[PDB]
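See structure below.
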Amino acid sequence: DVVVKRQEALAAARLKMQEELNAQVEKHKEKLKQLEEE
Amino acid sequence: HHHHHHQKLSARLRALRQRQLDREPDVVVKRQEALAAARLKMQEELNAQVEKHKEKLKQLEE
Amino acid sequence: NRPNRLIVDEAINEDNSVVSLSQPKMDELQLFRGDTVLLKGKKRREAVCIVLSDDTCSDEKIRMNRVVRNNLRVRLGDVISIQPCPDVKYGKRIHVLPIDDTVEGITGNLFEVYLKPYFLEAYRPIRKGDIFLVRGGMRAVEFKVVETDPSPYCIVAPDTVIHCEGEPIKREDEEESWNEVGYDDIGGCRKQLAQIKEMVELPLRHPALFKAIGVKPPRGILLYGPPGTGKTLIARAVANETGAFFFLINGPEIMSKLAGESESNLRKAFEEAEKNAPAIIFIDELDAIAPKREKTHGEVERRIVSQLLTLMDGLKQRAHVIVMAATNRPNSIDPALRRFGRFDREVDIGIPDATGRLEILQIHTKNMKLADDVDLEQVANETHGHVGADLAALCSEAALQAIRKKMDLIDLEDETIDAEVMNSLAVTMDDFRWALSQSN
Amino acid sequence: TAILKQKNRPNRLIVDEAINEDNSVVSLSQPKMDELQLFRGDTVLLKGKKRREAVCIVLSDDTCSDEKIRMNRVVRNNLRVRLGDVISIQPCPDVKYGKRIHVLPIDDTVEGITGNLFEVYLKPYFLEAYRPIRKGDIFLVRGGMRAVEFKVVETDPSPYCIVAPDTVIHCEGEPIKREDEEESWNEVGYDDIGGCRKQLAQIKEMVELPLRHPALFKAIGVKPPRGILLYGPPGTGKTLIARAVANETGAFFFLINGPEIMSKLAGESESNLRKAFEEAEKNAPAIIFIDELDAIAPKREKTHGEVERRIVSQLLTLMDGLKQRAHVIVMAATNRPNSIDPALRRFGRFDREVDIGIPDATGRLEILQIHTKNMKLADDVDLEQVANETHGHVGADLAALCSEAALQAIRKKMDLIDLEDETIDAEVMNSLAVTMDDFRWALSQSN
Ligand SMILES: Nc1ncnc2c1ncn2[C@@H]1O[C@H](COP(=O)(O)OP(=O)(O)NP(=O)(O)O)[C@@H](O)[C@H]1O
Ligand SMILES: Nc1ncnc2c1ncn2[C@@H]1O[C@H](COP(=O)(O)OP(=O)(O)NP(=O)(O)O)[C@@H](O)[C@H]1O
Ligand SMILES: [Mg+2]
């Protein structure tokens, strides 16, 4: 369980921040392209 | 003699004056018409350009 | 320019452990998504963070929210240094405290309502003396990291114990820490700072190297300039930046003391330095202690200078002590002091060029509410022969005009002033013109 | 303020290129001609920069704006104006048919004179055209494949005439040196002075205004100032301002150069001093200008000489010995104000003083701009920058900066050139430009 548990629970913890960033990134990219015509 | 010589000299001062200041209507008109007609010919050669340019403006803007 | 230096820029998300880079850069640097990184900023300050990947980030930039910048003491569009942190332990037990104004009625429920949610199952890294911010309920609260087992950095995992114990940290005591002067509050001197570092920090830091190529270091250094240039500042910075124990001798203060107490304090400082060594003794206002002996029609004054000479001289090379000093009236210092063994090397903290003037203005307006129409470069050009001081006080007078243009909206007899009107307050260009027209 | 500035009027018009390239042709808009009482092919007096006048044929053009006026290079050049200056137009109803007019051709547009110019160039051009011409017009004629430039030297009667079939056309003399015209082209007027509106304004109003309207002052019961003193450090533009005032002004202008007066023999100085004041009183309204006053009239304390003191007296006594009704102004100029004998700045004498000082960066710019207008400047050249990089610099300094820039630029090509060639590869000359680094290199020499 544990010495592996820490590492996977952590990697899986980062990869979840990564998602909630990527989530923003595209929302912003689309507001850039929405800006540059509008 | 010398009591006449100054009377004589004056007289022929007034003979060269009247000779030289004696010694129009048939050229007075010629000059003016030849001139007005000379200008009115420049006017043409300007107007000639003007339209050529006006049309190159309208040609430019389309 | 180097790989691991990057220009600072705002992050898109507001997460306190998140430092956004561009893929190319991470690859170049050998970094993987969600590694732990050591950011080093101004004033020796370091922060420890989670690096992540962001498309809209430039290759040469780096993204970070306020709360990180603040703890690197940097600002939008500084440069910072990033490197891997592969040592990072899971912390055992970490002491945190909240900051006195962010929390009123304070130490009730900050574990459960703020920290626990924030930290828990996140595996955030934190560093000793990071101040961070958490939102919980409608309030926001600021927490300093006091200590971390092990220090200075750790990863806060579910079983890391979280000590909410002590007295709430005073704003004042942390504002004091903001106002520390370091080499970044000094404008237009790279040339000289460079020299000072290599006459002073380098032979105190690597005394092996000089005995090794058979060379003696310089040991008396003298800063000179006209006044207002930045000498008194450069020392105050050297102090906060340097490796060594630093003793400061203030000239007029030594001379304020009684016949003999001066000579005492002089010795005391040299003894205290020899003792804590590697050391820098700094003497400000040298001219006031050690004038041209010709001019000083006094017994004691001459005794002091002797006393000084004999301490300068009375330093074994292996003492590991540097004496900096500083003056505006170089030629009025007793020529005995610039001999060999004594103040050997001299550094001109001169008048700055328009470039320098710019840096200076830029430093002095960083905490200032500047309008769009303000053209610092211009001001820099409109201010020939101006020194650090002059340019600072110009920025003052600008702001004291700007404030003067709102005295209709304000009352001198109110207790404190309408916040809206304060938040609204900006420094125009004409404020700068008005200032320029007063200081000529 | 310094308030002597151009006013809008009917007969002032903005200069713009003509459509056709006829040397006697000035195109206006009908409305304007009507407003002004002018008929197609009247003769007009155009007045331009530097007292220059040209006399021309006005004609009507539709595409011409009401506030503009059209004219081909050859007219603008002889008004000394440029595209988008203002000029003053008025009727010329005196215009005689000329009797006999002397013209000459210009040396470098005739290399290898085919010697037949009456027949090939001029006669066709002039003949049956009835062109007006003015003394010192330079005009251009195409005949054969060549083009040839002809100066009008004198016209009988002068200064303008109409050249009609029987007006005799003298092609006699020595071909006019390009030089001796490109000297008159490169003669100085107000526009070649940078960073002085303030002062120019003053000068105009202590000098030109009371010479031009002496009615007005006797009329509001006031006396004009009559001694004016320009002072500055050196390089600032004083000697220049006089050279311009001279070319621009109404009045007869006599110049007295200090060191030149003091070069002369015991008594000849005092003579020439008188001669000038006499000549002026005589052609008046007049401006006497004294350059380098400090060299004639120093503090009498310093000059351990008999004659030197006699001169100053002589001067004082001419200054004083001017009746108000003389209509003469004495300007003078110096860099060492405080060294001038204090007797001279009394009442009646040099009453008013004008500081031709050190210029601000704005001025420095105008100056640099003037000094580079004939110069082959690259894209990367930032005059504004240079202006800022040059504190405490004066006119002179900035000029010689622009010299040294160009002399660097020239130095960067010395590989492509030979000092031992007779003259130099045209391509490489046409190619030559002044970079910004030429200016930096300059700035780093003059500090
Ligand atoms: N190089 C600089 N960069 C930024 N600000 C400066 C600089 N130099 C001076 N100032 C400003 O003016 C203040 C006074 O300068 P200071 O540190 O006393 O220099 P100083 O030349 O030692 N003056 P003096 O004690 O008369 O010799 C500084 O604390 C700054 O507020
Ligand atoms: N205001 C200016 N505008 C443009 N060019 C200038 C100006 N002032 C000086 N210069 C340049 O510097 C040259 C020399 O200046 P000059 O007219 O002799 O001034 P000055 O002050 O009379 N010198 P001095 O005789 O020593 O008093 C001029 O020919 C110009 O080329
Ligand atoms: Mg001069």
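Here, A, B, ... name the chains of the structure tokens in the order displayed, residue numbers run from 1 inside each chain, and ligands are numbered from 1 in the same displayed order.
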
Which neighbours of residue 182 (chain C) fall inside 10 Å, counting only C-alpha atoms, when residues of the same chain fewer than 6 positions from it are skipped, and could you give them as a ChimeraX atom specification? /C:42-44,233-242

Please, which residues have at least one atom within 6 Å of an atom of ligand 1, using only C-alpha atoms and all ligand atoms, listed as a PyMOL selection string? chain C and resi 185-188+227-233+327-328+360+388-389+392

Neighbours of ligand 3 at 7 Å or closer, counting only C-alpha atoms and all ligand atoms: which residues, as a VMD selection string? chain D and resid 238 to 239 291 to 292 333 to 334

Around ligand 2, which protein and nucleic acid residues have at least one atom no more than 6 Å from it, if we count only C-alpha atoms and all ligand atoms? List them as a PDB file with N, CA, C and O atoms, in the first residue's frame.
ATOM      1  N   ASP D 192      16.495  79.482 -40.726  1.00  0.00           N
ATOM      2  CA  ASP D 192      17.741  78.804 -40.469  1.00  0.00           C
ATOM      3  C   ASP D 192      18.213  79.098 -39.036  1.00  0.00           C
ATOM      4  O   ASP D 192      19.391  78.820 -38.713  1.00  0.00           O
ATOM      5  N   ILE D 193      17.314  79.645 -38.196  1.00  0.00           N
ATOM      6  CA  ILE D 193      17.583  79.858 -36.783  1.00  0.00           C
ATOM      7  C   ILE D 193      16.708  79.037 -35.869  1.00  0.00           C
ATOM      8  O   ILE D 193      15.487  79.176 -35.873  1.00  0.00           O
ATOM      9  N   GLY D 194      17.345  78.262 -35.012  1.00  0.00           N
ATOM     10  CA  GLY D 194      16.643  77.309 -34.172  1.00  0.00           C
ATOM     11  C   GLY D 194      16.630  77.571 -32.690  1.00  0.00           C
ATOM     12  O   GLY D 194      17.679  77.655 -32.053  1.00  0.00           O
ATOM     13  N   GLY D 195      15.423  77.667 -32.141  1.00  0.00           N
ATOM     14  CA  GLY D 195      15.214  77.679 -30.695  1.00  0.00           C
ATOM     15  C   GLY D 195      15.206  79.080 -30.144  1.00  0.00           C
ATOM     16  O   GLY D 195      15.796  79.315 -29.084  1.00  0.00           O
ATOM     17  N   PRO D 234      29.098  82.017 -26.359  1.00  0.00           N
ATOM     18  CA  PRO D 234      29.364  81.929 -27.755  1.00  0.00           C
ATOM     19  C   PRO D 234      28.906  80.583 -28.293  1.00  0.00           C
ATOM     20  O   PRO D 234      28.927  79.544 -27.571  1.00  0.00           O
ATOM     21  N   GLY D 235      28.482  80.654 -29.558  1.00  0.00           N
ATOM     22  CA  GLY D 235      27.916  79.538 -30.321  1.00  0.00           C
ATOM     23  C   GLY D 235      26.400  79.500 -30.414  1.00  0.00           C
ATOM     24  O   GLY D 235      25.813  78.525 -30.975  1.00  0.00           O
ATOM     25  N   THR D 236      25.785  80.557 -29.878  1.00  0.00           N
ATOM     26  CA  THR D 236      24.362  80.539 -29.519  1.00  0.00           C
ATOM     27  C   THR D 236      23.436  80.960 -30.611  1.00  0.00           C
ATOM     28  O   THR D 236      22.281  80.456 -30.632  1.00  0.00           O
ATOM     29  N   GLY D 237      23.960  81.897 -31.445  1.00  0.00           N
ATOM     30  CA  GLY D 237      23.403  82.335 -32.765  1.00  0.00           C
ATOM     31  C   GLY D 237      23.233  83.833 -33.020  1.00  0.00           C
ATOM     32  O   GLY D 237      22.314  84.300 -33.703  1.00  0.00           O
ATOM     33  N   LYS D 238      24.125  84.604 -32.476  1.00  0.00           N
ATOM     34  CA  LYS D 238      23.898  86.007 -32.452  1.00  0.00           C
ATOM     35  C   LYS D 238      24.301  86.557 -33.805  1.00  0.00           C
ATOM     36  O   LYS D 238      23.501  87.216 -34.480  1.00  0.00           O
ATOM     37  N   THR D 239      25.549  86.242 -34.175  1.00  0.00           N
ATOM     38  CA  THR D 239      26.168  86.568 -35.452  1.00  0.00           C
ATOM     39  C   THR D 239      25.182  86.029 -36.559  1.00  0.00           C
ATOM     40  O   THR D 239      24.864  86.733 -37.509  1.00  0.00           O
ATOM     41  N   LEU D 240      24.602  84.845 -36.366  1.00  0.00           N
ATOM     42  CA  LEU D 240      23.532  84.310 -37.261  1.00  0.00           C
ATOM     43  C   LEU D 240      22.242  85.121 -37.326  1.00  0.00           C
ATOM     44  O   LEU D 240      21.745  85.421 -38.393  1.00  0.00           O
ATOM     45  N   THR D 334      27.218  90.764 -28.555  1.00  0.00           N
ATOM     46  CA  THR D 334      28.430  90.325 -27.829  1.00  0.00           C
ATOM     47  C   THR D 334      28.262  89.108 -26.986  1.00  0.00           C
ATOM     48  O   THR D 334      27.178  88.868 -26.461  1.00  0.00           O
ATOM     49  N   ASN D 335      29.367  88.385 -26.805  1.00  0.00           N
ATOM     50  CA  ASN D 335      29.341  87.289 -25.870  1.00  0.00           C
ATOM     51  C   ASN D 335      29.793  87.667 -24.488  1.00  0.00           C
ATOM     52  O   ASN D 335      29.451  86.975 -23.544  1.00  0.00           O
ATOM     53  N   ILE D 367      17.400  73.075 -34.031  1.00  0.00           N
ATOM     54  CA  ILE D 367      18.784  73.251 -34.478  1.00  0.00           C
ATOM     55  C   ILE D 367      19.322  72.012 -35.198  1.00  0.00           C
ATOM     56  O   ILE D 367      19.771  72.106 -36.353  1.00  0.00           O
ATOM     57  N   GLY D 395      24.021  75.947 -30.344  1.00  0.00           N
ATOM     58  CA  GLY D 395      23.951  75.893 -31.821  1.00  0.00           C
ATOM     59  C   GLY D 395      25.218  75.337 -32.476  1.00  0.00           C
ATOM     60  O   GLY D 395      25.273  74.161 -32.964  1.00  0.00           O
ATOM     61  N   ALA D 396      26.270  76.139 -32.376  1.00  0.00           N
ATOM     62  CA  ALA D 396      27.587  75.746 -32.884  1.00  0.00           C
ATOM     63  C   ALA D 396      27.953  74.285 -32.635  1.00  0.00           C
ATOM     64  O   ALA D 396      28.348  73.514 -33.564  1.00  0.00           O
ATOM     65  N   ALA D 399      25.843  71.864 -34.473  1.00  0.00           N
ATOM     66  CA  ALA D 399      26.250  71.844 -35.854  1.00  0.00           C
ATOM     67  C   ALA D 399      27.461  70.934 -36.004  1.00  0.00           C
ATOM     68  O   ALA D 399      27.452  69.922 -36.795  1.00  0.00           O
TER      69      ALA D 399
END

Please produce, as a Markdown table, a per-residue contact table for chain C versus chain D (criterion: any atom at most 12 Å away, only C-alpha atoms considered), showing the nearest atom pair and its distance in Å to one decimal, sorted by chain then residue number.
| residue | atom | partner | partner_atom | distance |
| --- | --- | --- | --- | --- |
| C:353 | CA | D:389 | CA | 9.9 |
| C:354 | CA | D:389 | CA | 8.7 |
| C:355 | CA | D:389 | CA | 10.8 |
| C:377 | CA | D:388 | CA | 10.8 |
| C:378 | CA | D:388 | CA | 9.5 |
| C:379 | CA | D:388 | CA | 11.3 |
| C:380 | CA | D:388 | CA | 10.1 |
| C:381 | CA | D:388 | CA | 6.5 |
| C:382 | CA | D:388 | CA | 8.5 |
| C:383 | CA | D:391 | CA | 10.3 |
| C:384 | CA | D:391 | CA | 7.7 |
| C:385 | CA | D:391 | CA | 10.0 |

Using C-alpha atoms, can you export the residues from the last selection as an mmCIF file, in the first residue's frame?
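out.cif written:
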data_model
loop_
_atom_site.group_PDB
_atom_site.id
_atom_site.type_symbol
_atom_site.label_atom_id
_atom_site.label_comp_id
_atom_site.auth_asym_id
_atom_site.auth_seq_id
_atom_site.Cartn_x
_atom_site.Cartn_y
_atom_site.Cartn_z
ATOM 1 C CA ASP C 353 23.437 59.194 -16.241
ATOM 2 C CA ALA C 354 19.890 59.408 -17.565
ATOM 3 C CA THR C 355 19.708 55.625 -17.652
ATOM 4 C CA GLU C 377 11.956 58.269 -19.278
ATOM 5 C CA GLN C 378 10.933 61.841 -20.045
ATOM 6 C CA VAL C 379 11.370 62.923 -16.436
ATOM 7 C CA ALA C 380 14.754 61.204 -16.437
ATOM 8 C CA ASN C 381 15.724 63.316 -19.419
ATOM 9 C CA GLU C 382 14.254 66.534 -18.007
ATOM 10 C CA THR C 383 16.458 65.991 -14.841
ATOM 11 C CA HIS C 384 20.122 66.511 -15.721
ATOM 12 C CA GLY C 385 22.642 66.508 -12.828
#

Residues at most 6 Å from residue 97 (chain C), counting only C-alpha atoms, excluding those fewer than 5 positions away in the same chain, as a PDB file with C-alpha atoms, in the first residue's frame?
ATOM      1  CA  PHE C 143      -0.806  32.921   7.433  1.00  0.00           C
ATOM      2  CA  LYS C 144       2.935  32.974   7.994  1.00  0.00           C
ATOM      3  CA  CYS C 164      -1.690  26.920  15.164  1.00  0.00           C
TER       4      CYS C 164
END

Q.
Which residues are close to residue 126 (chain C), i.e. within 9 Å by only C-alpha atoms, leaving aside same-chain residues fewer than 6 positions away? Reply as a list in words.
A. residues 17, 47, 48, 49, 145, 148, 152, 153, 154, 155 and 156 of chain C

**Request:** Would you return as a count of residues only the members of region 378-424 of chain D that DSSP assigns to helix (DSSP H, G or I) on this structure's backbone?
**Result:** 24

Show me, as JSON lines, the residues of chain A having an atom within 7 Å of chain C, each with the closest atom pair and its distance in Å, using only C-alpha atoms.
{"residue": "A:10", "atom": "CA", "partner": "C:123", "partner_atom": "CA", "distance": 6.7}
{"residue": "A:13", "atom": "CA", "partner": "C:122", "partner_atom": "CA", "distance": 6.3}
{"residue": "A:14", "atom": "CA", "partner": "C:34", "partner_atom": "CA", "distance": 5.5}
{"residue": "A:18", "atom": "CA", "partner": "C:52", "partner_atom": "CA", "distance": 6.8}
{"residue": "A:21", "atom": "CA", "partner": "C:13", "partner_atom": "CA", "distance": 6.7}

Do you have the CA of residue 80 (chain C)-CA of residue 373 (chain C) distance handy?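 CA of residue 373 (chain C) lies at a distance of 29.1 Å from CA of residue 80 (chain C).
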
Checklist entry - Just asking: which residues within region 232-381 of chain D are strand (DSSP E or B) according to DSSP, as a ChimeraX atom specification? => result /D:252-257,286-291,298,328-334,340,352-355,377

Written file, previous selection with N, CA, C and O atoms, as a tab-separated table (two decimals), in the first residue's frame:
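Result file follows (part-v1.tsv):
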chain	number	residue	atom	x	y	z
D	252	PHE	N	17.49	99.49	-45.07
D	252	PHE	CA	18.88	99.47	-45.41
D	252	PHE	C	19.56	98.98	-44.11
D	252	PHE	O	19.14	99.29	-42.99
D	253	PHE	N	20.58	98.15	-44.30
D	253	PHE	CA	21.27	97.48	-43.21
D	253	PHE	C	22.75	97.77	-43.34
D	253	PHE	O	23.32	97.38	-44.33
D	254	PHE	N	23.38	98.47	-42.40
D	254	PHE	CA	24.83	98.52	-42.46
D	254	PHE	C	25.42	97.70	-41.31
D	254	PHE	O	25.04	97.85	-40.14
D	255	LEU	N	26.36	96.83	-41.66
D	255	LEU	CA	27.07	96.01	-40.69
D	255	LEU	C	28.45	96.53	-40.32
D	255	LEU	O	29.31	96.73	-41.15
D	256	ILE	N	28.68	96.68	-39.04
D	256	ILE	CA	30.01	96.96	-38.53
D	256	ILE	C	30.53	95.80	-37.72
D	256	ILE	O	29.98	95.42	-36.66
D	257	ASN	N	31.64	95.29	-38.21
D	257	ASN	CA	32.28	94.18	-37.59
D	257	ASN	C	33.40	94.65	-36.65
D	257	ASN	O	34.37	95.22	-37.09
D	286	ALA	N	16.94	102.66	-41.28
D	286	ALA	CA	18.16	101.83	-41.30
D	286	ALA	C	18.43	100.98	-40.05
D	286	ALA	O	18.01	101.31	-38.90
D	287	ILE	N	19.11	99.87	-40.26
D	287	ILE	CA	19.62	99.18	-39.15
D	287	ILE	C	21.12	99.12	-39.23
D	287	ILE	O	21.67	98.51	-40.17
D	288	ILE	N	21.78	99.70	-38.22
D	288	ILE	CA	23.21	99.46	-38.08
D	288	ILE	C	23.36	98.31	-37.15
D	288	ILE	O	22.84	98.35	-36.04
D	289	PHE	N	24.11	97.31	-37.56
D	289	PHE	CA	24.40	96.26	-36.64
D	289	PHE	C	25.85	96.28	-36.24
D	289	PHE	O	26.68	96.32	-37.12
D	290	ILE	N	26.21	96.24	-34.95
D	290	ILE	CA	27.65	96.09	-34.56
D	290	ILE	C	27.93	94.70	-33.99
D	290	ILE	O	27.47	94.38	-32.87
D	291	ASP	N	28.68	93.87	-34.72
D	291	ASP	CA	29.03	92.55	-34.19
D	291	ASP	C	30.32	92.71	-33.42
D	291	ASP	O	31.15	93.58	-33.73
D	298	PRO	N	35.34	97.99	-25.10
D	298	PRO	CA	35.58	97.33	-23.85
D	298	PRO	C	35.56	98.31	-22.70
D	298	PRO	O	35.67	99.53	-22.92
D	328	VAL	N	16.89	105.27	-37.43
D	328	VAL	CA	17.93	104.27	-37.43
D	328	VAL	C	17.89	103.52	-36.14
D	328	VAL	O	17.77	104.13	-35.09
D	329	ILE	N	18.01	102.20	-36.24
D	329	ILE	CA	18.21	101.39	-35.07
D	329	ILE	C	19.61	100.86	-35.03
D	329	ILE	O	20.12	100.37	-36.06
D	330	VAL	N	20.24	100.88	-33.85
D	330	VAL	CA	21.50	100.16	-33.72
D	330	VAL	C	21.32	98.90	-32.96
D	330	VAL	O	21.01	98.92	-31.76
D	331	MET	N	21.48	97.80	-33.66
D	331	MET	CA	21.67	96.56	-32.99
D	331	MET	C	23.14	96.41	-32.74
D	331	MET	O	23.97	97.01	-33.44
D	332	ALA	N	23.46	95.65	-31.72
D	332	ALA	CA	24.82	95.17	-31.60
D	332	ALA	C	24.79	93.82	-30.94
D	332	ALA	O	23.69	93.36	-30.54
D	333	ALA	N	25.95	93.17	-30.85
D	333	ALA	CA	25.97	91.84	-30.26
D	333	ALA	C	27.26	91.54	-29.66
D	333	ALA	O	28.27	91.99	-30.21
D	334	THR	N	27.22	90.76	-28.56
D	334	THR	CA	28.43	90.32	-27.83
D	334	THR	C	28.26	89.11	-26.99
D	334	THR	O	27.18	88.87	-26.46
D	340	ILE	N	31.67	95.06	-21.74
D	340	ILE	CA	31.43	96.27	-22.52
D	340	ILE	C	31.43	97.48	-21.63
D	340	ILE	O	30.82	97.46	-20.57
D	352	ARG	N	18.21	98.29	-24.45
D	352	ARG	CA	17.57	96.99	-24.31
D	352	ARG	C	18.54	95.87	-24.68
D	352	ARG	O	19.48	96.04	-25.45
D	353	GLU	N	18.32	94.75	-24.03
D	353	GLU	CA	19.27	93.65	-24.04
D	353	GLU	C	18.48	92.39	-24.32
D	353	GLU	O	17.37	92.23	-23.86
D	354	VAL	N	19.04	91.49	-25.10
D	354	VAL	CA	18.34	90.31	-25.48
D	354	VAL	C	19.25	89.13	-25.28
D	354	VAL	O	20.38	89.09	-25.83
D	355	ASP	N	18.76	88.19	-24.48
D	355	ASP	CA	19.55	87.05	-24.11
D	355	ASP	C	19.32	86.02	-25.19
D	355	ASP	O	18.25	85.46	-25.29
D	377	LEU	N	20.41	61.22	-44.05
D	377	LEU	CA	20.16	60.55	-42.76
D	377	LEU	C	19.49	59.21	-42.90
D	377	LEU	O	18.43	59.12	-43.51

Just need the residues of chain D within 10 Å of chain B, counting only C-alpha atoms, so spit them out as a PyMOL selection string. chain D and resi 18-22+24-25+27+40-42+57-64+97+128-131+164

Contacts of residue 279 (chain C) at 6 Å or less, counting only C-alpha atoms, minus same-chain residues fewer than 4 places along, as a short mmCIF file (atom, residue, chain, number, x, y, z; two decimals) with N, CA, C and O atoms, in the first residue's frame?
data_model
loop_
_atom_site.label_atom_id
_atom_site.label_comp_id
_atom_site.auth_asym_id
_atom_site.auth_seq_id
_atom_site.Cartn_x
_atom_site.Cartn_y
_atom_site.Cartn_z
N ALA C 244 28.64 38.23 5.87
CA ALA C 244 29.44 38.44 7.07
C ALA C 244 28.66 39.14 8.18
O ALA C 244 27.59 39.74 7.96
N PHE C 245 29.23 39.03 9.37
CA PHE C 245 28.89 39.92 10.47
C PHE C 245 29.27 41.32 10.02
O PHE C 245 30.32 41.54 9.39
N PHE C 246 28.40 42.25 10.33
CA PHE C 246 28.51 43.60 9.84
C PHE C 246 28.49 44.55 11.02
O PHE C 246 27.47 44.60 11.71
N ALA C 273 34.35 42.84 15.59
CA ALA C 273 34.56 42.33 14.24
C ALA C 273 35.61 41.23 14.18
O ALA C 273 35.28 40.12 13.74
N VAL C 321 38.67 40.55 8.07
CA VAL C 321 37.82 41.72 8.26
C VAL C 321 38.08 42.72 7.18
O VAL C 321 39.25 43.05 6.94
#

Between CA of residue 75 (chain D) and CA of residue 179 (chain D), measure the distance and give it in Å to one decimal.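 Rounded to one decimal, the two atoms are 19.8 Å apart.
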
State, in Å with one decimal place, the distance from CA of residue 89 (chain D) to CA of residue 246 (chain D).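 Pair CA of residue 89 (chain D) / CA of residue 246 (chain D) returns 23.1 Å.
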